[PDB]
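Worksheet: the structure to be examined is printed underneath.
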Ligand SMILES: Nc1ncnc2c1ncn2[C@@H]1O[C@H](COP(=O)(O)OP(=O)(O)O)[C@@H](O)[C@H]1O
Ligand SMILES: Nc1ncnc2c1ncn2[C@@H]1O[C@H](COP(=O)(O)OP(=O)(O)O)[C@@H](O)[C@H]1O
Ligand SMILES: Nc1ncnc2c1ncn2[C@@H]1O[C@H](COP(=O)(O)OP(=O)(O)O)[C@@H](O)[C@H]1O
Ligand SMILES: Nc1ncnc2c1ncn2[C@@H]1O[C@H](COP(=O)(O)OP(=O)(O)O)[C@@H](O)[C@H]1O
Ligand SMILES: Nc1ncnc2c1ncn2[C@@H]1O[C@H](COP(=O)(O)OP(=O)(O)O)[C@@H](O)[C@H]1O
Ligand SMILES: [Mg+2]
Ligand SMILES: [Mg+2]
Ligand SMILES: [Mg+2]
Ligand SMILES: [Mg+2]
Ligand SMILES: [Mg+2]
Ligand SMILES: [Mg+2]
Ligand SMILES: [Mg+2]
Ligand SMILES: [Mg+2]
Ligand SMILES: [Mg+2]
Ligand SMILES: [Mg+2]
Ligand SMILES: [Mg+2]
Ligand SMILES: [Mg+2]
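Protein chains in written order, with my numbering: chain H, 13 to 328; chain C, 13 to 328; chain R, 13 to 328; chain E, 13 to 328; chain Z, 13 to 328; chain Y, 13 to 328.
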């Protein structure tokens with residue numbers, strides 16, 4: 013079997029980068045819409061007995077892209093592909109990973125079941141919102157970390173990183189922030205927005221010392237940037253000299269760009285798990301860490317039957 | 013268990029009509045989008061041990077609506093509903109019902125598998141593009157006919173219906189047209205657009221006599237109205253006095269409204285399996301047959317454990 | 013893995029032809045009946061890690077043959093075959109492909125489920141009664157066409173084929189007839205037997221002109237030959253000079269042979285998806301198109317991981 | 013839900029007896045064959061939300077009957093039956109319950125999988141050839157014993173039963189014979205036909221004393237009656253005064269009737285799990301124990317949610 | 013259907029409390045070991061059509077208890093129970109909820125799959141180590157919180173609770189601690205043990221102010237009490253006046269009792285999701301919050317088809 | 013793919029013997045217990061695309077070992093092993109192979125389902141208590157016989173084996189004893205312990221002649237040795253000169269060692285499907301037949317795609 017890399021409509025630049033790093037051309041696929049807005053998928057080459065990797069991030073037109081991915085997976089399976097792997101850099105519906113409300117769906121589990129029934133044999137993803145999403149499948153799920161790439165960026169772009177403090181913008185980010193602070197041998201802090209019992213002012217509590225130090229906000233994603241912007245205001249109010257925000261998934265939906273442009277961030281750093289070209293044109297603060305080498309190495313090692321553990325300590 | 017009727021975002025007027033005919037209020041659901049365009053479903057009441065019917069047509073934002081339906085089905089199942097029925101008046105991806113091309117997906121089968129894995133126990137639909145789609149599920153699938161409603165409209169709105177000829181706009185509609193012509197005891201004709209071997213003019217062949225008679229075009233759907241418009245030009249060129257078009261699914265995507273407005277149709281008749289309010293505002297030729305009573309009777313009989321065979325001979 | 017071709021009891025001559033065209037000997041199998049008429053299957057060689065193809069048509073003792081096929085598939089799967097493919101030239105129960113009656117089974121779907129649970133990984137079949145039967149499986153299903161072979165026979169055996177008209181014996185055959193007429197660039201006609209509302213005479217309506225022309229009846233199968241015989245009487249009554257019947261599946265059950273012998277057919281042409289040796293001995297009108305090369309090429313390309321699209325335009 | 017009893021073509025007299033004992037009429041079903049010998053099943057009434065019991069023994073046209081049963085189960089499931097139970101008095105392919113030969117199928121497991129995929133929720137059967145066949149399903153399987161009925165017949169029809177010896181015709185029947193001998197407080201013996209190493213005379217070894225005593229052969233089934241006839245010759249050669257044969261499944265296929273008529277049996281006693289009317293007309297030695305009351309009580313208790321343990325100690 | 017409560021060997025006192033609160037006697041079960049240490053389960057009453065709840069905590073002989081639970085679930089399913097619910101107060105293998113190491117199993121997912129294949133229809137559990145474990149099943153999973161009971165204990169047993177600080181013993185507990193601190197309107201702190209890069213001294217970093225205040229350690233479980241004991245030493249070194257530890261799962265395996273007896277805890281508070289009678293006899297610091305009313309109310313509401321949302325705000 | 017042999021904690025000496033006979037080192041696995049007695053499995057090497065064989069007998073801590081095996085299978089599957097085979101020399105819960113009691117579980121079927129859901133693709137086992145357990149899986153199950161090894165031991169260690177009688181200790185062993193007696197061309201006898209109707213003395217009935225002959229007791233297993241010890245007393249009381257006991261599974265749980273030491277056995281012969289080192293230290297009568305060559309040959313032939321039928325006639 014040979015590696016066949018197919019791109020959905022979501023992140024074709026990332027698919028191209030992965031294919032170039034693998035020394036391959038992208039597989040021939042036409043991914044369009046019928047007139048009635050139904051997804052049209054036209055695989056333009058044989059995948060018989062091939063090791064098919066379909067790159068599709070959960071971003072942009074989320075349901076459009078997920079349906080595109082499912083249809084492409086099913087087409088490859090029925091076309092007798094040896095193995096179909098869904099390379100999903102940003103897993104859609106990952107934040108709907110539990111039922112903590114009455115009648116609430118576990119949409120991440122539904123997406124996992126849909127991918128399984130479409131015929132996916134393997135999932136490659138980066139920085140799942142909850143790592144337990146790996147357990148939502150009965151197939152192997154590669155949950156790659158952007159943490160080695162983040163540490164590289166911090167050590168190369170922040171002069172006073174050895175005296176910085178890594179700040180969690182919410183309680184759920186504490187593990188990620190503590191891991192990064194341990195790897196950098198720096199202090200960490202946590203910011204919590206307390207629960208909205210009524211319609212008074214949202215107030216943020218900070219635990220840890222950030223006074224007269226550079227604060228680096230690290231989180232898994234910035235959707236509306238309410239979390240990071242509120243954390244940035246709190247950090248400046250607490251005496252932080254400079255505030256950075258580093259995310260792996262830059263969703264930047266809704267008012268995020270205006271929020272960042274009016275915030276105090278020295279830089280907002282995201283990976284290219286989601287296309288950022290449009291976002292960077294309206295926000296100069298955004299910088300992008302390319303993770304295409306990580307995904308390409310993961311795909312290559314999966315095809316060659318080699319461990320991907322190397323990707324959790326080094327940036328290829 | 014009690015009937016709980018929940019509406020998706022696709023066709024809420026039809027859901028309201030069904031609920032009124034059942035003497036029920038629609039179940040409390042908030043069906044919106046998160047900022048990143050992920051589907052948000054918030055069922056606002058208990059469905060524990062309830063007989064849940066979710067009405068969602070395949071129309072409008074097709075993938076949005078299908079994801080909404082799947083998430084609502086899964087939420088109801090995890091919320092311990094006694095039974096979850098997907099009422100899908102127009103089945104999405106129904107035209108992708110076979111693999112007659114290399115690497116082509118069977119998207120209808122994928123949609124069926126997705127509905128099954130979401131937890132649907134029963135499907136109620138009207139005039140499947142292919143009746144074999146019933147076989148795409150392992151659960152009961154009700155394929156209701158709009159044919160009794162069509163015959164009623166013909167007998168009440170076309171004065172010379174006894175001398176009319178029912179015309180198939182393509183080869184695939186022949187069974188539907190022959191059934192309607194048999195029930196009306198009238199002649200039938202078939203129109204075929206021959207295959208596009210090169211870039212010459214599309215030419216249509218008509219088999220059957222339509223000269224100096226009213227021609228009624230009957231088809232399962234009109235998406236772009238290319239089929240019915242080309243058939244209408246052919247029918248007028250063949251000497252038909254007046255031309256009607258009767259569909260059960262009025263999709264009317266893309267250039268359909270301009271095509272119909274510039275066509276020669278006496279009337280374009282569709283059911284309300286798809287919302288038509290917007291379409292009727294720009295095309296006076298469109299008339300709507302309400303099928304909400306058929307769907308409501310089907311839901312009521314399904315809940316009561318009664319046969320729906322009555323719906324195939326009478327309009328309630 | 014190597015190709016292993018195993019024959020059921022249904023069509024062993026076709027299995028032999030396929031094996032010869034593949035340059036192989038048929039796999040050693042004893043397919044008999046126990047005393048109590050239970051199917052006895054004794055695979056006489058190892059199939060470990062082999063690519064097993066089991067040839068069994070739906071014909072003759074239908075349930076006997078289907079049980080034989082299921083038992084052989086399961087034996088091969090438990091015997092650790094790398095892949096088990098059911099080569100079913102005529103799919104049994106294919107006409108029971110929908111539920112258009114109360115309490116009616118979808119027997120084609122049940123057969124598909126039985127084949128899936130027996131362990132079939134791939135289905136190769138010719139001219140499914142409904143192409144949507146491909147969607148009854150979750151495994152790849154090859155629906156080969158006899159159409160290229162039919163066109164070859166028409167062009168080589170009917171002198172006036174360029175002025176002929178291809179006739180559908182019922183409404184359901186319209187797509188097949190229009191496709192053949194398009195490929196031959198000839199006229200087409202359709203014959204419909206209207207529905208039996210009471211016990212009066214069956215009357216047939218013909219749409220299209222067949223007067224003073226050769227009429228070629230093309231259908232997917234002739235079971236009792238009531239359809240083709242009634243169509244032939246109608247065609248002669250309408251002024252057809254000569255009438256041919258071309259089918260892909262010659263079932264010829266019940267009174268079919270006497271019907272054909274007393275009909276006006278110039279020739280009844282069938283493929284050898286079903287054994288015809290016995291039928292030809294009692295009806296001189298029957299001629300057979302060998303499709304063993306099509307099936308052998310399909311098996312060879314499936315084993316080699318090559319597209320079978322070539323089989324839809326050429327006869328190997 | 014109400015009990016609906018449907019009969020297949022195999023044993024309709026037993027179905028009638030069960031229905032009468034349940035105070036019910038048999039459900040309306042037409043079970044015939046299409047012209048091409050495909051099974052035709054036409055359920056003539058609604059089974060929506062009903063507790064459906066389908067009676068079909070593995071006998072006669074075995075594959076015909078099993079396909080009939082599977083099609084009826086699937087039709088009832090798709091017709092929205094509350095529960096479908098297969099009442100299979102003699103389980104087909106039960107003797108193919110293991111793989112003790114190369115490439116041998118486990119046909120009993122395949123039949124179980126086929127019943128499961130057809131949609132059976134419950135199996136009721138009598139005296140499985142191997143009780144482990146219960147483990148071939150993931151649904152409850154009732155393995156009823158004819159042993160209480162056998163003991164009743166022995167105590168009422170054999171005057172010297174207290175001095176009799178119960179004889180196993182092969183090694184596999186030892187458990188059944190020891191159980192019966194324990195319940196009767198009588199001696200037991202075992203007869204073994206040693207393995208056929210070459211083409212010499214089949215010789216039988218008897219362990220136990222049968223001299224000058226009545227010998228009762230007890231086995232689960234008599235297919236060709238080779239086992240019981242050879243055992244009977246051995247028992248007479250060993251000095252048995254009279255020889256009885258008691259089976260629960262009288263298959264009597266092939267040469268069994270001539271074998272019994274030429275044997276020395278005082279009586280051959282079978283249950284009516286298989287129809288015996290034809291067999292009794294050609295062999296006066298055959299007597300029938302009616303087990304319809306056992307099956308009817310099992311069905312009634314299954315419907316009422318009551319234990320069937322009472323059936324293992326008493327004959328209702 | 014009626015509620016049937018069955019106890020495994022793990023926590024029979026809790027099962028008794030649940031049954032008493034439900035006004036029921038525990039179902040008759042013998043749960044012992046065969047001589048070869050295989051689990052022996054003997055359900056002593058009919059569960060036909062019953063709503064069966066099996067109470068079995070993951071504690072004590074973990075694999076013994078889990079096998080007991082699986083065997084009891086399967087026995088109830090095969091015994092035709094209407095519904096089988098596994099009441100697992102402490103979910104076993106819950107800490108193995110992801111693959112963050114090469115070749116690491118997701119044992120929680122395996123346990124979920126085993127429960128699903130045993131036939132569980134519903135899971136009721138308290139304070140899952142990861143709430144995403146709900147997504148490891150395709151059945152409803154009730155993840156009850158001990159948080160209302162913890163808050164009650166704090167408000168009734170700690171006089172200076174309004175000036176206390178709730179302390180997370182690790183980064184993963186941050187969400188739980190922030191939720192509790194929000195509900196109490198008190199400060200929170202977090203303690204992190206940094207990663208063991210080499211064999212130097214384990215050092216703990218504290219973020220937040222605990223000086224001259226009562227510190228309440230809140231975590232989901234205390235297995236070896238290394239986390240809470242190290243956190244307690246850090247808290248005293250940081251100037252905390254008194255230190256409490258509140259857990260929901262008191263596992264107290266290995267050296268935990270000696271660790272607590274030599275620690276500085278004012279009280280170690282656990283729920284009775286795990287039996288604590290033996291632990292309290294050797295450690296006077298341990299106090300137990302009874303959660304049997306929460307579990308009993310959850311079971312009762314599940315049986316009655318009522319929401320369990322009330323249990324997340326009130327202690328019944 | 014390469015053979016990877018992994019050992020569980022149950023029988024590591026047998027795993028070592030298998031690996032040596034295969035010319036391999038055992039795969040690196042740490043199989044320990046967490047503090048709370050949960051099974052900890054740490055596979056120490058890549059199994060990507062490997063043919064993994066996990067050796068784990070059902071013995072010792074039965075539930076511990078079975079959970080270990082399931083966790084290791086699941087870890088290998090998620091670690092992308094090409095194929096995972098469970099080598100289970102003594103199948104746990106094999107004696108719970110049917111439901112012959114009210115509410116009784118079929119624990120063997122549950123174990124099979126658990127192995128299937130863990131991801132096992134193949135099972136290799138020796139002398140299943142019931143061969144129908146092969147039918148409890150949908151994957152190939154190799155049921156190897158120790159019979160060739162037993163016959164070798166008898167012919168090499170019992171001087172008067174040609175005049176011996178092979179004795180079944182119960183009715184269920186009759187097939188095994190008759191097969192062995194046929195292969196040795198010797199007499200056989202059967203011993204039955206009649207059913208315990210009340211609390212009187214257990215009495216044993218012997219059928220067959222053992223007077224003044226060596227008696228060889230052959231059974232599938234000796235758990236408590238009650239069966240073989242009672243049979244030995246009966247055989248001596250019946251005039252047997254010497255009594256041997258040959259088993260394939262020596263469980264020797266509970267009072268078995270004291271029973272054997274106080275019995276009259278010339279030798280108790282078992283295979284090493286279960287570790288016997290501890291048992292032999294307290295009972296000099298126990299001798300061990302090494303079957304590691306049989307298991308190693310089975311694994312090697314499974315990997316090489318060769319028949320294992322040779323193992324049923326010869327000891328490698
Ligand atoms: N150091 C690590 N940190 C986090 N996750 C890891 C780590 N090592 C492995 N994983 C997880 O395990 C998966 C597979 O691990 P890998 O080392 O590539 O080999 P294997 O597939 O045999 O376990 C990765 O995709 C990742 O999800
Ligand atoms: N006359 C008919 N024409 C077409 N389809 C039919 C007809 N009668 C029944 N069906 C199909 O069968 C389904 C169920 O049939 P119904 O008569 O309601 O009872 P049952 O569910 O017991 O079969 C319908 O939803 C429809 O798909
Ligand atoms: N005494 C028995 N001997 C043999 N099989 C039995 C016996 N009792 C029960 N069974 C088996 O168990 C099945 C169901 O048992 P039953 O006592 O009716 O209640 P439950 O279904 O709750 O176990 C029966 O159909 C039969 O297969
Ligand atoms: N306030 C809440 N906090 C956390 N989990 C909750 C909450 N409300 C509901 N849940 C979760 O949802 C499950 C079921 O919710 P419930 O309100 O009882 O009704 P429903 O089952 O219809 O959703 C609970 O068992 C729990 O896991
Ligand atoms: N002589 C035999 N006696 C008993 N069981 C056998 C015998 N031959 C084969 N089997 C069974 O069949 C299985 C596989 O058989 P084998 O001859 O190795 O080839 P195949 O897997 O192709 O059937 C064995 O593992 C065993 O369970
Ligand atoms: Mg979250
Ligand atoms: Mg967050
Ligand atoms: Mg179509
Ligand atoms: Mg069309
Ligand atoms: Mg048809
Ligand atoms: Mg036809
Ligand atoms: Mg047998
Ligand atoms: Mg026998
Ligand atoms: Mg954790
Ligand atoms: Mg922790
Ligand atoms: Mg047994
Ligand atoms: Mg025994």
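Ideal Cβ positions, reconstructed from N, Cα and C, are used throughout, including at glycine.
Buried or exposed by the 16-neighbour rule on C-beta atoms within 10 Å, applied to residue i
i: residue 242(Y); result: buried
Contact check, residue i vs residue j, beta carbons under 8 angstroms
i: residue 49(Y); j: residue 286(Z); result: no
i: residue 92(R); j: residue 152(Y); result: yes
i: residue 290(H); j: residue 260(H); result: no
Between the CA atoms of residue j and residue i - distance to the nearest angstrom
i: residue 220(Z); j: residue 237(Z); result: 22 angstroms
Ligand 2 heavy atom lying under 7 angstroms from the CB of residue i
i: residue 359(C); result: Residue 359(C) cannot be examined here, being either before or after the span of chain C that is shown, 13 to 328.
Bridge-paired residues (DSSP) for residue i
i: residue 274(C); result: None; residue 274(C) has no bridge partner.
Ligand 5 heavy atom lying under 7 angstroms from the CB of residue i
i: residue 312(E); result: no
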